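**Q** My structure is below; once you've seen it, I'll send some questions.
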Amino acid sequence: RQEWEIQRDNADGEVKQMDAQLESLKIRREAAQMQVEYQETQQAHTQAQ
Amino acid sequence: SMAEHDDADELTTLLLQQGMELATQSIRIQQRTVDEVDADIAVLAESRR
């Protein structure tokens, strides 16, 4: 039973770590979207030139 | 000759303004990158726990 308890703690820690990685990933996605907007702005600037 | 010089100056000014706007967007992108690094630090803290 003690061994089972240790395994349960390990699984819980894994779930929490993955939950935090989700936040990291969505921040990266937001950065990529802003990069796309930056590229579109560059194209508009060339058109204006 | 004067018309030619004036047109060149106007083009240079337009280039400078567009560069300024792009610089602002780059500022925002870099701030987002820093936030991502902070999220990675949080993930590491959970793993250490």
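**Q** Work out the charge dipole of the protein assembly as shown with +1 on the Cβ of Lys and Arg and -1 on the Cβ of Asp and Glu about the Cα centre, then indicate which of A:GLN7, A:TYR38, B:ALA3 is farthest towards its positive end.
**A** Comparing the listed Cα positions along the dipole, A:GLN7 ranks first.
**Q** Pairing the Cα long axis of helix A:2-48 with the longest principal axis of chain A, what angle in degrees results, from 0 to 90 and rounded to the nearest 10?
**A** 0
**Q** Tell me which of B:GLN17, B:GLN31, B:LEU44 sits at the most positive position along the dipole axis of chain B, charges placed on C-beta atoms (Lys, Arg +1; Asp, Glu -1).
**A** So the residue we want is B:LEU44.
**Q** Using only the Cα atoms, work out Rg/Rh for chain A, with Rh taken as the Kirkwood radius, to two decimals.
**A** 1.54
**Q** Continuing with the same structure: Against the longest principal axis of chain B, how steep is helix B:2-48, in degrees 0 to 90 to the nearest 10, with axes from Cα atoms?
**A** The two axes meet at around 0 degrees.
**Q** Pop a pseudo-label 7 angstrom from the Cα along the beta-carbon direction at both B:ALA42 and B:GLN17 and give the gap in nm to one decimal.
**A** For the pair B:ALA42/B:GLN17, the computed spacing is 4.0 nm.
**Q** Mind checking region A:1-34 for trypsin sites (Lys or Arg not before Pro) that DSSP puts in a loop (not H, G, I, E or B) and that have at most 13 other Cβ atoms within 10 Å?
**A** Here the sparse-neighbourhood loop sites are A:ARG1.
Every residue, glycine as well, gets a Cβ built from its backbone with ideal geometry; the counts of neighbours run over all protein chains shown. Computed from the coordinates by the stated procedures, all read-outs in this text should not be read as laboratory data.
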